[PDB]
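S.K.:
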Amino acid sequence: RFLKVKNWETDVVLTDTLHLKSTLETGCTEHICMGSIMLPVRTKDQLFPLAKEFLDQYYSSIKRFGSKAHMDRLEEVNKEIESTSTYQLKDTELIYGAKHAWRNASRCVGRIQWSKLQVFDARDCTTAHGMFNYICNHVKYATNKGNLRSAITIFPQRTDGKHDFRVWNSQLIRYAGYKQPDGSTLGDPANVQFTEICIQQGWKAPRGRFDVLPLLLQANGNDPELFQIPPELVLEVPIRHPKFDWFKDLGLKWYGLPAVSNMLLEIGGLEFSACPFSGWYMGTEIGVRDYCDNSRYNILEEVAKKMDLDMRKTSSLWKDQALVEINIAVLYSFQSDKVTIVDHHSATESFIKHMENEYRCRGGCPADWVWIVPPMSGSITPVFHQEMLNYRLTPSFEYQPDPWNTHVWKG
Amino acid sequence: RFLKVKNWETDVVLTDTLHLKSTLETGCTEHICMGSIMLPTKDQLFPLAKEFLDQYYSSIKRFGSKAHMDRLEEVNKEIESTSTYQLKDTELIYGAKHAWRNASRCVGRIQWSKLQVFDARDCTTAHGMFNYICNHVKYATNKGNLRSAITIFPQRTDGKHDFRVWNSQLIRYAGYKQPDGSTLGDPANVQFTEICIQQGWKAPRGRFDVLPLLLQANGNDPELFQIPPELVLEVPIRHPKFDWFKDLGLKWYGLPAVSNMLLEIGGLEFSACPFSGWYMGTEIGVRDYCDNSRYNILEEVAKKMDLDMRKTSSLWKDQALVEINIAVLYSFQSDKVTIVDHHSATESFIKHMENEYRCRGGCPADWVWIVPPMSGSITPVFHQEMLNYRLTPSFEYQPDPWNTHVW
Ligand code: HEM
Ligand code: HEM
Ligand SMILES: Cc1cc(N)nc(C[C@@H]2CNC[C@@H]2OCC/C=C/c2cccc(F)c2)c1
Ligand SMILES: Cc1cc(N)nc(C[C@@H]2CNC[C@@H]2OCC/C=C/c2cccc(F)c2)c1
Ligand SMILES: C[C@H](O)[C@H](O)[C@H]1CNc2nc(N)[nH]c(=O)c2N1
Ligand SMILES: C[C@H](O)[C@H](O)[C@H]1CNc2nc(N)[nH]c(=O)c2N1
Ligand SMILES: [Zn+2]
C-alpha cells in the first residue's frame, strides 16, 4: 500500500512505501491519536527474528543480500544465540546500526547529517573510570575547538539486565539547578533532581548559575561513580547581542556541545543502554527552550524590561519580541566565537531537502511534526506546511526510565 | 483504557474517559500516525439518531424519562415512514453548540455555549439564503463587538437537493491570475475568484476586493450576491510605533466566518451552516500576511525596518513577523473590533481543557492546530499533552461544491 503526503505551500506530493517495514507500535489507534503524547531480559525466542531482520537489512544495503557471507553470518549468529543466548555485532554492523538509528529518528530535524557520524566502540569497557575516559575522548573529538563533529560512543550491551552500563546524566554536559529554601531555583530548573543525586553522592557544589555537573557513571550494573569533566574540555559561549550592549551583563552563557546520554540504542535485537551521542545546536534549543520556558531560566521578563517593551498587556507581544532578540543573541554569539550552530530557518530547509531525497531513495522518511517544527516562528519555516507520517523503524533510539528509579543499590 | 494527559510545565495530569465514546475513525493505526495530515439509508440513521437523543436527554437530566422514550419512538416512527427526521429547535441548538464543543482543531472553544443559533431550515431560495446571511453578518459583527453565531439551512435529503454556500468563508478577498506572472490579491482564492467571474461577477481587480457570495438552494445552480458593503466591517492596518506601516495599504476584515463545512447532528447532514466567531491575531498576521502562498509581505516589511536580509541567521523574518502581528492586534483594538491574541487565547483553552476534563471527562484536541503558528513554546498549549478523537455532533470538511455539482 502507498501513502501520500502533501506540501501545502508547494503542492509537492510524496509517496511512502517504507512505512510497510514498520514494526513497533505508535500508541495511536483508529479511534485515538496519541501524536502529542511525549511517552506514548530478552528470550532466544524473539531474538533471532530480530537479528535476522537487521542482518537482512545490513546485507541489502551493502549489496550482498543472499551472498555466502550473508548466509554464513545468519548461521553464525543463529548458533551464538542458542549457545550463549545473545550475540556480538561486528564493527561494520555496529557502525551501520548506529547511523540507521539516527536516520530513523523521527523527532530529529538534523537528519540530513545521518551518514556522517563518528562511531566510537567502547564495548571493551568494564569500569566507570573506563567510561569517563571514553567520554572525555568523545567530548574532545566532538568539540574539536568549536568545529563540532557528530559522534556516538557505544558501551557494552545489556546482558541479563542486572549488569547494565548507564550514564546517569541526561546530557554529558549540563548545568546544575538548586532548589533554594525560599522556593526559588538557582541555575537550571530542569536539573534539580539530578543535582541532588550528585550532591548526595559526594559532589561539592559551587552553587552558581552555571555549574557544569559531574558525570555520574554506572558500569556493569554497579553503583554509579562521580567524575568531573576537565573544564578545558568544556567549550562554553558567553551570550551577547549585536545591537544591545546591556545583554552581556545578564550574565548568560551556554555550552557548545549538545550530547544526549540517557537513551537506549536498539540494533538487531540488542540493547545498548549507554550510547551517549552528540551533534551541534539549532539556536532555538537554547534561545527558545533553555532560556525561555517558564520551567527553565525564564529570562523573558528581565529581557523585556531592558528593551523597555510595554509589559502591561500580553497583546503588545512583548514576550514574542524578547524571544526573538534572545535568539538573535544566541546565533550571534556562537557565530562570533566560531562554535558550530544552525538557525531554525536553515535547519528546517535542509530537512525538507533531506526528507524529499529520503522519499526518492528510500520510499519514505518517518517524521514527527510536533517535534520537527521549531518552537518559535513555526509557520515561516517550510516544515510547518509539510505533511508527515510518523512510524517506528529499527534500528532505533528509545527512551528508558531514569536509572535512579530502577537501580538495585549495592554498596 | 483510561488515558492520562500530562502538562510538562505544571505536572498537572488529567485522566481522559470521554474518548471511549469516540465514534468516528482518526486515520491513524498502531503502525502509522497521521496526526499531521490535513484530511486523514434508514438502517444507519436510527442508531445515529438514538445516540444523539440519548446524550440530549442525559444533558437535560431526563435520561430514560417518559419525554425521552416518547421522543425516541416519535423519531423511530418518522424515519421508518419518511427515511429522515426533523430536529426540535432545542435539539438543533444543543447539536450546533456541541459540534463546536467537539471541534478538536479549535482553540476558542471556551466560548462554545455562547453560540447564537439561527434556524434557517425554512429557507427555500438563494435570495432567502442571501437574506439570512446578511442578517447573520450584521448580528455577528455588532458594530465591532463580535458575537458568535451559526446559521443552519435545510438538511440534505436525497443528496441532489443540497444547500451549499460556495465561498469557503462569508467574507474573503479576491485572487487574480496576472499577465505579470505573479498574483494580485489573495492567492488562496484564485480559483473561486475565477468561478465568480465565470458566473458573471464584475471584478474590480484590486488587492482587497470583497468577494460576492455564491449561493445554492435545493441543489440548484448557484447565484451571485454582493454583501452590502456597509455590513462588511474592515480594519485598516497600522503600527503603534512604525509610521510607515500604513503605506503598505494593508487591511483585513473583522469577521471570521467559515462557510464550507458540513454540520452532522444525530445522523442528519447540514451541508450549509456558515458560522463565525472572532479572530485570534496570528490568523491574520502570521498566516494571512506571511505564508508564502498568501499575501507574503515579510520581505517588503523587513526592508522598511532596514534589517540585515543577507543571512537567515539575523532572524529578519522572525523580527518582521512579530511586528506585522503587533500591528494587526493594535489596529483591531484601536478600531474597537474584538480580537484575541495567541497568549490570551491559549491560556483560555487551558482553563477550558481543565473544565472539560472535570465536567465531561475530557476534551478532544489536535495539538498541531491548537499550538499557534508563531511563538509556540511560550504559550502554555505547547507543553500540554492532548488526545485527539472524533465525537459527534461535528463539523466536517466536504468536497468543494463545483467539483461535485451537476451543473
Ligand atoms: C547535527 C546536529 C543535530 C541537530 C541540529 C539536531 C537537531 C535536533 C533537535 C532540534 C531535536 C529536538 C530537541 C528538542 O527540541 O527537544 C533533535 C532530537 C533528536 N535527535 Fe537530533 N540533531 C542533531 C544530531 C543528532 C545526532 C548525532 C543524533 C544521534 C545519532 C540525534 C538523534 C536525535 C534523537 C534520538 C532526538 C529525539 C530526542 C528525544 O526524543 O528526547 N540527533 N535533533
Ligand atoms: C469565538 C472565537 C473563536 C476563536 C478565537 C476560534 C479559534 C480558532 C482557530 C485559531 C482555529 C484554527 C484556524 C486555522 O489556523 O486555520 C480554529 C479552527 C476551527 N474552529 Fe474556531 N474559533 C472561534 C469560534 C468558533 C466557532 C463559533 C465555531 C463553530 C461554531 C468554531 C469552530 C471551528 C472549527 C470547525 C475549526 C477547524 C476548521 C478547519 O478544520 O479548517 N470556532 N478556531
Ligand atoms: C545530538 C543532538 C543535537 C541537537 N542539536 N539536539 C539534540 C536533542 C536535544 C538537545 N538538548 C535536549 C534535547 O534532548 C531532549 C530533551 C528533552 C526530551 C525529553 C523527552 C522525553 C521525556 C523527557 F522528560 C524529556 C541532540
Ligand atoms: C469561526 C472561526 C473563528 C476563527 N477565529 N477561526 C476560524 C477558522 C479559520 C478562519 N480562517 C482560516 C480558518 O478557516 C479554515 C482554514 C482552512 C482550512 C482548510 C481545510 C481543508 C482544506 C483546505 F484547503 C483548507 C473559524
Ligand atoms: C501539514 C499540516 O497538517 C498543516 O500545515 C497544518 C499544520 N497546523 C495548522 N494549524 C492551524 N491552526 N491551521 C492550519 O491551517 C494548519 N495547517
Ligand atoms: C506535549 C508535547 O508533545 C510536548 O510538550 C512536546 C511538544 N514539542 C516538542 N518539540 C521539541 N522539539 N521538543 C520537545 O521537548 C517538545 N515537547
Ligand atoms: Zn496518530
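Line by line, the protein sequences are chains B and A.
Those letters in the first sequence? Residues 299 to 338, 348 to 718, by PDB author numbering.
Those letters in the second sequence? Residues 299 to 338, 350 to 716, by PDB author numbering.
All residues carry an ideal CB built from backbone N, CA and C; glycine is no exception.
Using a Cβ-Cβ cut-off of 7 Å, state whether residue 323 (chain A) counts as contacting chain B.
M.R.: Yes, because at least one Cβ of chain B sits closer than 7 Å to the Cβ of residue 323 (chain A).
S.K.: Would you be able to state if there are at least three C-beta pairs under 8 Å between the region 491-511 of chain B and the region 398-406 of chain B?
M.R.: Segments in contact, no.
S.K.: Would you list the one or two residues that DSSP bridges to residue 473 (chain A)?
M.R.: Answer is A:525.
S.K.: If you draw a straight line from the C-alpha of residue 654 (chain B) to the C-alpha of residue 676 (chain B), how long is it?
M.R.: Cα to Cα, the separation comes out at about 14 Å.
S.K.: Using a Cβ-Cβ cut-off of 7 Å, state whether residue 625 (chain B) counts as contacting chain A.
M.R.: No, residue 625 (chain B) lies away from the interface with chain A (no Cβ there is under 7 Å from its Cβ).
S.K.: Relative to chain A, which residues along the region 594-620 of chain B have a C-beta separation below 8 Å, given in chain order?
M.R.: For the region 594-620 of chain B, which is checked against every Cβ of chain A, the residues closer than 8 Å are 595, 596, 599, 600, 601, 602 and 607.
S.K.: Determine the extent of the alpha helix (DSSP H) in which residue 341 (chain A) is found, giving its start and end residues.
M.R.: No coordinates exist for residue 341 (chain A); the numbering of chain A passes from 338 to 350 with nothing in between.
S.K.: Less than 7 Å between the C-beta atoms of residue 598 (chain B) and residue 635 (chain B), yes or no?
M.R.: Cβ atoms of residue 598 (chain B) and residue 635 (chain B): not closer than 7 Å.
S.K.: With a cut-off of 8 Å on the beta carbons, I'd call residue 411 (chain A) and residue 583 (chain A) a contact; round off their distance for me.
M.R.: Residue 411 (chain A) to residue 583 (chain A), Cβ: 18 Å. No contact.
S.K.: If you measure from the CB of residue 446 (chain B), is any heavy atom of ligand 1 nearer than 6 Å?
M.R.: Residue 446 (chain B) Cβ: outside cutoff for every heavy atom of ligand 1.
S.K.: So is residue 470 (chain A) in contact with chain B if we call contact Cβ pairs under 7 Å?
M.R.: With 7 Å as the cut-off, residue 470 (chain A) does not count as an interface residue toward chain B.
S.K.: Do you know offhand how far residue 359 (chain A)'s Cα is from residue 377 (chain A)'s?
M.R.: So the two alpha carbons sit approximately 10 Å from each other.
S.K.: Is there a C-beta anywhere in chain A that falls below 7 Å from the one on residue 588 (chain B)?
M.R.: Not an interface residue.
S.K.: If we count Cβ pairs, one from each stretch, closer than 8 Å, do we get three or more for the region 570-588 of chain A versus the region 462-480 of chain A?
M.R.: They touch, by the three-pair rule.
S.K.: So is residue 553 (chain B) buried or exposed if we call it buried at 16+ other beta carbons inside 10 Å?
M.R.: With fewer than 16 Cβ atoms within 10 Å of its Cβ, residue 553 (chain B) is classed as exposed.
S.K.: Anything in the region 657-679 of chain B with a Cβ closer than 7 Å to a Cβ of chain A? List those residues in chain order, please.
M.R.: So the close ones are 676 and 677.
S.K.: Mind listing the chain B neighbours of residue 653 (chain A)? Cutoff is C-beta to C-beta under 8 Å, in chain order.
M.R.: Under the 8 Å cutoff, chain B gives 621 and 622.
S.K.: Under the criterion of a Cβ to heavy atom distance below 6 Å, does residue 674 (chain B) qualify as lining ligand 1?
M.R.: False, no ligand heavy atom lies under 6 Å from that Cβ.
S.K.: Taking any Cβ of chain A, which residues in the region 349-368 of chain B have a Cβ under 8 Å from it, in chain order?
M.R.: For the region 349-368 of chain B, which is checked against every Cβ of chain A, not one residue is closer than 8 Å.
S.K.: Can you tell me which of A:557, A:299 and A:644 puts its alpha carbon nearest to the alpha carbon of residue 517 (chain A)?
M.R.: Per the Cα distances, A:557.
S.K.: Taking three-plus beta-carbon pairs below 8 Å as touching, is the region 640-656 of chain B in contact with the region 685-699 of chain B?
M.R.: A contact exists between the region 640-656 of chain B and the region 685-699 of chain B.
S.K.: Anything with a beta carbon under 5 Å from a heavy atom of ligand 7 counts; list them all in chain order.
M.R.: Qualifying residues come out as B:326, B:331, B:333, A:326, A:331 and A:333.
S.K.: Indicate, with yes or no, if ligand 5 has a heavy atom lying under 6 Å from the CB of residue 663 (chain B).
M.R.: Incorrect: residue 663 (chain B) has no Cβ contact closer than 6 Å to ligand 5.
S.K.: Taking 8 Å as the limit between beta carbons, can you name the residues of its chain near residue 551 (chain A), skipping five residues before and five after?
M.R.: Closer than 8 Å at the Cβ level, and outside the excluded window around residue 551 (chain A), lie 613, 614, 632 and 636.
S.K.: Using a Cβ cut-off of 7 Å (strictly closer), state whether residue 518 (chain B) contacts chain A.
M.R.: No - not a single Cβ of chain A is within 7 Å of the one on residue 518 (chain B).
S.K.: Determine contact between the region 695-712 of chain B and the region 554-573 of chain B, defined as no fewer than three beta-carbon pairs at a distance below 8 Å.
M.R.: Touching, yes, given that three or more Cβ pairs across the two stretches are closer than 8 Å.
S.K.: I think residue 424 (chain B) touches residue 449 (chain B), with their Cβ atoms under 8 Å apart; what is that distance to the nearest whole Å?
M.R.: Not confirmed; about 11 Å, so no contact.
S.K.: Could you tell me which residues DSSP pairs with residue 484 (chain B) in its beta bridges?
M.R.: Answer is B:494, bridged to residue 484 (chain B).
S.K.: So, does the region 536-549 of chain A touch the region 413-421 of chain A, judging by three or more C-beta pairs under 8 Å?
M.R.: The region 536-549 of chain A, when compared against the region 413-421 of chain A, does not touch it at the 8 Å Cβ threshold.
S.K.: Going by DSSP, what residue range makes up the alpha helix (DSSP H) through residue 379 (chain B)?
M.R.: Note, residue 379 (chain B): alpha helix (DSSP H), 375-391.
S.K.: Determine which residues share a DSSP beta bridge with residue 704 (chain B) and list them.
M.R.: Per DSSP, B:572.
S.K.: Which residues in the same chain have their Cβ closer than 6 Å to the Cβ of residue 693 (chain A), if we skip the five residues on either side of it in sequence?
M.R.: Within the same chain, residue 693 (chain A) has close Cβ partners 305.
S.K.: Can you tell me which of the three DSSP states residue 555 (chain B) falls into?
M.R.: It is helical.
S.K.: Can you give, in chain order, each stretch of the beta strand (DSSP E) that sits fully within the region 650-698 of chain B and has at least 3 residues?
M.R.: Here no run is fully enclosed.
S.K.: Tell me which residues share the same chain as residue 406 (chain B) and place their Cβ nearer than 7 Å to its Cβ, disregarding the 5 neighbours each side in the sequence.
M.R.: Cβ neighbours of residue 406 (chain B) beyond the five flanking positions: 421, 422 and 424.
S.K.: Could you name the residues of chain A that residue 706 (chain B) contacts, counting a contact when the two beta carbons are closer than 8 Å?
M.R.: Neighbours of residue 706 (chain B) on chain A: none; closest Cβ ~14 Å, over 8 Å.
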